[PDB]
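Engineer: Input structure: entry_6.txt, which contains compact mmCIF, N, CA and C atoms and all ligand atoms.
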```txt
# COMPACT_ATOMS: atom_id res chain seq x y z
N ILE R 34 -13.49 -1.11 5.99
CA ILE R 34 -13.05 -0.86 4.62
C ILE R 34 -11.53 -1.05 4.49
N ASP R 35 -11.08 -1.73 3.41
CA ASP R 35 -9.66 -1.95 3.14
C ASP R 35 -9.12 -0.80 2.32
N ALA R 36 -8.72 0.28 2.99
CA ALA R 36 -8.34 1.47 2.23
C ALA R 36 -7.03 1.27 1.51
N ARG R 37 -6.13 0.46 2.06
CA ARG R 37 -4.86 0.25 1.37
C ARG R 37 -5.09 -0.38 0.01
N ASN R 38 -5.98 -1.36 -0.05
CA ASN R 38 -6.18 -2.08 -1.29
C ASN R 38 -6.96 -1.24 -2.29
N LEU R 39 -7.98 -0.51 -1.83
CA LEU R 39 -8.60 0.46 -2.74
C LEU R 39 -7.53 1.38 -3.32
N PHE R 40 -6.63 1.87 -2.47
CA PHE R 40 -5.62 2.82 -2.93
C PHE R 40 -4.74 2.21 -4.01
N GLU R 41 -4.23 1.00 -3.77
CA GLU R 41 -3.20 0.52 -4.68
C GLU R 41 -3.77 0.23 -6.05
N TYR R 42 -5.01 -0.25 -6.10
CA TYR R 42 -5.68 -0.41 -7.38
C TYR R 42 -5.97 0.95 -8.02
N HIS R 43 -6.72 1.80 -7.33
CA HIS R 43 -7.22 3.04 -7.93
C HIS R 43 -6.13 4.10 -8.07
N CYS R 44 -5.29 4.27 -7.05
CA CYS R 44 -4.55 5.50 -6.82
C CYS R 44 -3.06 5.34 -7.05
N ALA R 45 -2.49 4.24 -6.58
CA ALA R 45 -1.06 3.99 -6.72
C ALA R 45 -0.57 4.11 -8.17
N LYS R 46 -1.47 4.01 -9.16
CA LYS R 46 -1.14 4.25 -10.56
C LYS R 46 -0.26 5.49 -10.68
N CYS R 47 -0.56 6.53 -9.91
CA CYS R 47 0.10 7.83 -10.00
C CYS R 47 0.93 8.15 -8.76
N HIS R 48 0.37 7.99 -7.57
CA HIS R 48 1.06 8.38 -6.35
C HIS R 48 2.06 7.35 -5.87
N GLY R 49 2.11 6.18 -6.50
CA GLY R 49 2.98 5.11 -6.06
C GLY R 49 2.40 4.37 -4.87
N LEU R 50 2.91 3.16 -4.66
CA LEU R 50 2.40 2.36 -3.56
C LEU R 50 2.63 3.06 -2.24
N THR R 51 3.79 3.69 -2.08
CA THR R 51 4.16 4.37 -0.85
C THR R 51 3.76 5.83 -0.83
N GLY R 52 3.19 6.34 -1.91
CA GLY R 52 2.83 7.73 -1.96
C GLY R 52 3.93 8.66 -2.40
N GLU R 53 5.10 8.14 -2.77
CA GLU R 53 6.05 8.91 -3.57
C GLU R 53 5.64 8.78 -5.03
N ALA R 54 5.32 9.89 -5.67
CA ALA R 54 4.74 9.83 -7.01
C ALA R 54 5.75 9.25 -7.99
N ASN R 55 5.31 8.25 -8.75
CA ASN R 55 6.17 7.56 -9.71
C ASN R 55 6.19 8.32 -11.03
N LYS R 56 6.86 7.73 -12.03
CA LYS R 56 7.10 8.44 -13.27
C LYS R 56 5.79 8.83 -13.96
N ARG R 57 4.77 7.96 -13.89
CA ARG R 57 3.44 8.32 -14.37
C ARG R 57 2.93 9.55 -13.63
N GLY R 58 2.95 9.49 -12.29
CA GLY R 58 2.48 10.62 -11.50
C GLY R 58 3.33 11.88 -11.67
N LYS R 59 4.66 11.74 -11.60
CA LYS R 59 5.53 12.89 -11.83
C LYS R 59 5.17 13.61 -13.13
N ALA R 60 4.90 12.84 -14.20
CA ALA R 60 4.61 13.42 -15.51
C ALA R 60 3.29 14.17 -15.54
N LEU R 61 2.38 13.86 -14.63
CA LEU R 61 1.14 14.59 -14.47
C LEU R 61 1.23 15.64 -13.35
N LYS R 62 2.44 15.96 -12.89
CA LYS R 62 2.63 16.96 -11.85
C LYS R 62 1.93 16.55 -10.56
N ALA R 63 1.99 15.26 -10.22
CA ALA R 63 1.42 14.81 -8.96
C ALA R 63 2.32 15.21 -7.79
N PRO R 64 1.74 15.47 -6.63
CA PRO R 64 2.55 15.66 -5.43
C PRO R 64 3.00 14.32 -4.86
N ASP R 65 3.96 14.39 -3.94
CA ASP R 65 4.34 13.23 -3.14
C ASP R 65 3.48 13.19 -1.89
N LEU R 66 2.43 12.37 -1.91
CA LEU R 66 1.62 12.25 -0.70
C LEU R 66 2.47 11.91 0.52
N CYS R 67 3.61 11.23 0.31
CA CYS R 67 4.42 10.74 1.42
C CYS R 67 5.19 11.86 2.10
N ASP R 68 5.26 13.02 1.47
CA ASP R 68 6.09 14.09 1.98
C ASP R 68 5.44 14.77 3.16
N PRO R 69 6.10 14.82 4.32
CA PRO R 69 5.56 15.61 5.43
C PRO R 69 5.34 17.06 5.06
N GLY R 70 6.19 17.63 4.22
CA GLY R 70 5.94 18.99 3.78
C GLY R 70 4.60 19.10 3.08
N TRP R 71 4.32 18.19 2.16
CA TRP R 71 3.04 18.24 1.48
C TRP R 71 1.89 17.93 2.44
N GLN R 72 2.04 16.86 3.23
CA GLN R 72 0.96 16.50 4.15
C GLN R 72 0.58 17.69 5.00
N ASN R 73 1.56 18.50 5.40
CA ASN R 73 1.26 19.63 6.25
C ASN R 73 0.77 20.84 5.45
N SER R 74 0.62 20.73 4.14
CA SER R 74 0.12 21.87 3.39
C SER R 74 -1.35 21.72 3.05
N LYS R 75 -1.99 20.64 3.51
CA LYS R 75 -3.38 20.34 3.19
C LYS R 75 -4.13 19.96 4.46
N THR R 76 -5.43 20.22 4.49
CA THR R 76 -6.30 19.71 5.54
C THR R 76 -7.07 18.47 5.10
N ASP R 77 -7.78 17.85 6.05
CA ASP R 77 -8.59 16.68 5.71
C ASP R 77 -9.80 17.07 4.88
N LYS R 78 -10.45 18.19 5.22
CA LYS R 78 -11.56 18.61 4.39
C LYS R 78 -11.09 18.93 2.98
N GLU R 79 -9.86 19.42 2.85
CA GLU R 79 -9.29 19.64 1.52
C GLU R 79 -9.05 18.32 0.80
N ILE R 80 -8.51 17.32 1.49
CA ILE R 80 -8.26 16.05 0.84
C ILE R 80 -9.56 15.39 0.42
N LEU R 81 -10.52 15.31 1.35
CA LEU R 81 -11.82 14.71 1.04
C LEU R 81 -12.46 15.39 -0.14
N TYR R 82 -12.29 16.71 -0.25
CA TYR R 82 -12.92 17.43 -1.35
C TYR R 82 -12.24 17.11 -2.67
N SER R 83 -10.93 17.02 -2.65
CA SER R 83 -10.22 16.82 -3.90
C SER R 83 -10.41 15.39 -4.41
N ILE R 84 -10.55 14.41 -3.52
CA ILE R 84 -10.87 13.08 -4.01
C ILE R 84 -12.30 13.05 -4.53
N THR R 85 -13.22 13.68 -3.82
CA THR R 85 -14.61 13.67 -4.25
C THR R 85 -14.82 14.44 -5.56
N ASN R 86 -14.15 15.57 -5.74
CA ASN R 86 -14.53 16.47 -6.81
C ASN R 86 -13.50 16.67 -7.92
N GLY R 87 -12.28 16.20 -7.74
CA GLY R 87 -11.18 16.28 -8.68
C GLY R 87 -10.29 17.44 -8.31
N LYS R 88 -9.00 17.40 -8.69
CA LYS R 88 -8.42 18.66 -8.30
C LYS R 88 -8.10 19.84 -9.21
N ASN R 89 -7.19 19.80 -10.20
CA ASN R 89 -7.28 20.85 -11.21
C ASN R 89 -7.79 20.39 -12.56
N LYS R 90 -7.04 19.47 -13.14
CA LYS R 90 -7.37 18.74 -14.35
C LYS R 90 -7.71 17.33 -14.00
N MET R 91 -7.73 17.05 -12.79
CA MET R 91 -7.84 15.65 -12.46
C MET R 91 -9.28 15.33 -12.11
N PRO R 92 -9.70 14.11 -12.39
CA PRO R 92 -11.12 13.79 -12.31
C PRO R 92 -11.55 13.50 -10.89
N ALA R 93 -12.85 13.44 -10.74
CA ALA R 93 -13.48 13.20 -9.46
C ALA R 93 -13.67 11.71 -9.29
N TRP R 94 -13.55 11.24 -8.06
CA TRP R 94 -13.76 9.84 -7.78
C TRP R 94 -15.13 9.53 -7.19
N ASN R 95 -16.02 10.53 -7.07
CA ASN R 95 -17.29 10.26 -6.39
C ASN R 95 -18.29 9.53 -7.26
N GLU R 96 -17.92 9.21 -8.50
CA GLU R 96 -18.61 8.20 -9.30
C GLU R 96 -18.22 6.79 -8.85
N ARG R 97 -16.92 6.48 -8.92
CA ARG R 97 -16.44 5.11 -8.75
C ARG R 97 -16.37 4.65 -7.30
N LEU R 98 -16.36 5.57 -6.33
CA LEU R 98 -16.17 5.24 -4.92
C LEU R 98 -17.32 5.80 -4.09
N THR R 99 -17.71 5.07 -3.04
CA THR R 99 -18.73 5.55 -2.13
C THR R 99 -18.15 6.63 -1.23
N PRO R 100 -19.00 7.43 -0.57
CA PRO R 100 -18.46 8.37 0.42
C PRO R 100 -17.63 7.67 1.48
N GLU R 101 -18.14 6.56 2.04
CA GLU R 101 -17.36 5.77 2.99
C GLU R 101 -16.00 5.45 2.41
N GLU R 102 -15.97 4.97 1.17
CA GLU R 102 -14.71 4.60 0.57
C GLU R 102 -13.80 5.81 0.42
N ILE R 103 -14.37 6.99 0.19
CA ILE R 103 -13.52 8.17 0.04
C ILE R 103 -12.92 8.56 1.38
N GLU R 104 -13.71 8.45 2.45
CA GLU R 104 -13.19 8.80 3.76
C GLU R 104 -12.07 7.86 4.17
N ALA R 105 -12.29 6.55 4.01
CA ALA R 105 -11.23 5.61 4.33
C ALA R 105 -9.97 5.96 3.56
N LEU R 106 -10.12 6.29 2.28
CA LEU R 106 -8.97 6.68 1.48
C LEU R 106 -8.32 7.95 2.01
N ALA R 107 -9.12 8.96 2.36
CA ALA R 107 -8.53 10.16 2.92
C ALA R 107 -7.72 9.81 4.16
N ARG R 108 -8.29 9.02 5.07
CA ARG R 108 -7.54 8.59 6.24
C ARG R 108 -6.31 7.79 5.84
N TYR R 109 -6.39 7.03 4.74
CA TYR R 109 -5.23 6.26 4.32
C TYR R 109 -4.14 7.16 3.77
N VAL R 110 -4.52 8.17 2.99
CA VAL R 110 -3.54 9.11 2.45
C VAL R 110 -2.71 9.70 3.58
N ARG R 111 -3.36 9.95 4.72
CA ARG R 111 -2.64 10.39 5.91
C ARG R 111 -1.64 9.34 6.38
N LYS R 112 -2.01 8.05 6.36
CA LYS R 112 -1.08 7.03 6.86
C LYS R 112 0.22 6.90 6.06
N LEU R 113 0.37 7.64 4.97
CA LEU R 113 1.59 7.59 4.15
C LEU R 113 2.60 8.70 4.49
N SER R 114 3.21 8.70 5.68
CA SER R 114 4.25 9.76 5.89
C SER R 114 5.61 9.36 6.52
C1 LIG R 201 -3.04 10.06 -11.94
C2 LIG R 201 -3.64 9.52 -13.01
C3 LIG R 201 -3.75 10.07 -10.58
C4 LIG R 201 -4.59 9.19 -10.05
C5 LIG R 201 -5.04 7.82 -10.63
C6 LIG R 201 -5.00 9.71 -8.76
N1 LIG R 201 -4.40 10.94 -8.56
FE1 LIG R 201 -4.49 12.14 -6.92
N2 LIG R 201 -3.44 13.50 -7.89
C7 LIG R 201 -2.87 13.42 -9.14
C8 LIG R 201 -2.31 14.70 -9.49
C9 LIG R 201 -1.59 15.00 -10.80
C10 LIG R 201 -2.54 15.54 -8.48
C11 LIG R 201 -2.14 17.02 -8.43
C12 LIG R 201 -3.20 17.82 -9.16
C13 LIG R 201 -2.95 19.31 -9.07
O1 LIG R 201 -3.07 19.99 -10.11
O2 LIG R 201 -2.65 19.84 -7.97
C14 LIG R 201 -3.27 14.80 -7.46
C15 LIG R 201 -3.72 15.27 -6.24
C16 LIG R 201 -4.18 14.49 -5.20
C17 LIG R 201 -4.38 14.88 -3.81
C18 LIG R 201 -4.15 16.28 -3.24
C19 LIG R 201 -5.41 17.09 -3.47
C20 LIG R 201 -5.18 18.54 -3.16
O3 LIG R 201 -6.17 19.31 -3.15
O4 LIG R 201 -4.01 18.94 -2.93
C21 LIG R 201 -4.83 13.82 -3.13
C22 LIG R 201 -5.21 13.73 -1.63
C23 LIG R 201 -4.93 12.72 -4.06
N3 LIG R 201 -4.53 13.15 -5.30
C24 LIG R 201 -5.34 11.46 -3.74
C25 LIG R 201 -5.69 10.52 -4.66
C26 LIG R 201 -6.46 9.34 -4.38
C27 LIG R 201 -6.99 8.94 -2.98
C28 LIG R 201 -6.59 8.67 -5.51
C29 LIG R 201 -7.38 7.36 -5.74
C30 LIG R 201 -8.67 7.30 -5.39
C31 LIG R 201 -5.94 9.44 -6.55
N4 LIG R 201 -5.39 10.57 -5.98
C32 LIG R 201 -5.85 9.11 -7.88
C33 LIG R 201 -2.85 12.30 -9.91
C34 LIG R 201 -3.63 11.19 -9.68
CL CL R 202 -9.66 2.69 -11.48
```
Take the structure in the file and give it back as structure tokens.
Ligand code: HEC
Ligand SMILES: [Cl-]

Structural biologist:
Amino acid sequence: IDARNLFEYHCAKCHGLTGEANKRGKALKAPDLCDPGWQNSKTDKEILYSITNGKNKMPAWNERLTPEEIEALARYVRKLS
């Protein structure tokens, strides 16, 4: 699975290509995925859950993405630090 490319289409809209949240993401109170501080405040089961189910006001991706695709993405979110 090409998790980078799934990410940049689906996700980079808010988190930015590098995972520093851009002005769209900042305005929605997005975190900086790229931040080691943030990365260390979450687990993988937490990340997988939030992509699958949505997080506070944010929608779930388990319609548009397969479980496989969500896992690759979770592993990709980790590669941004
Ligand atoms: C804006 C329109 C977003 C898009 C598109 C995606 N995400 Fe997101 N994400 C966004 C916000 C505003 C937040 C914070 C929500 C809050 O109230 O805390 C998040 C959060 C995440 C997280 C962290 C989840 C957690 O429980 O802390 C992750 C791992 C994450 N987002 C990843 C992610 C992926 C993989 C996306 C594409 C499939 C994606 N997000 C889309 C804003 C937006
Ligand atoms: Cl999309």

Engineer: What does the distance between atom N of residue 38 of chain R and atom C of residue 85 of chain R come to in Å, to one decimal place?

Structural biologist: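 The value is 18.9 Å.
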
Engineer: Which residues form the shell of 6 Å around ligand LIG 201 (chain R) when you count only C-alpha atoms and all ligand atoms, given as a count of residues only?

Structural biologist: 17

Engineer: Rank nothing, just name the residue among R:65, R:86, R:94, R:35 nearest to residue 48 of chain R, using only C-alpha atoms.

Structural biologist: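 Among the listed residues, R:65 lies closest to residue 48 of chain R.
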
Engineer: If you run DSSP over the backbone, which residues in segment 80-109 of chain R end up alpha helix (DSSP H)? Put them as an MDAnalysis selection string.

Structural biologist: chainID R and resid 80:86 100:109

Engineer: For atom C of residue 105 of chain R and atom CA of residue 36 of chain R, quote the distance in Å rounded to one decimal.

Structural biologist: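 Atom CA of residue 36 of chain R lies 5.0 Å from atom C of residue 105 of chain R.
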
Engineer: If you measure from atom CL of ligand CL 202 (chain R) to atom CA of residue 113 of chain R, what distance in Å do you get, rounded to one decimal?

Structural biologist: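 Atom CA of residue 113 of chain R lies at a distance of 19.9 Å from atom CL of ligand CL 202 (chain R).
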
Engineer: Rank R:39, R:91, R:54, R:81 by their smallest atom-to-atom distance to residue 68 of chain R, using all atoms listed in the file, and report the top residue only.

Structural biologist: R:54

Engineer: Please give the centre and size of the box around segment 35-40 of chain R (axis-aligned, containing every atom listed in the file, 4 Å added per side), with values in Å to one decimal and written as JSON.

Structural biologist:
```
{"center_x": -7.9, "center_y": 0.4, "center_z": -0.3, "size_x": 14.3, "size_y": 12.9, "size_z": 15.4}
```

Engineer: Identify the residues around (-0.8, 7.9, 3.0) within a radius of 5 Å, measuring from only N, CA and C atoms in the coordinates stated by the file, and give them as a PyMOL selection string.

Structural biologist: chain R and resi 109-114
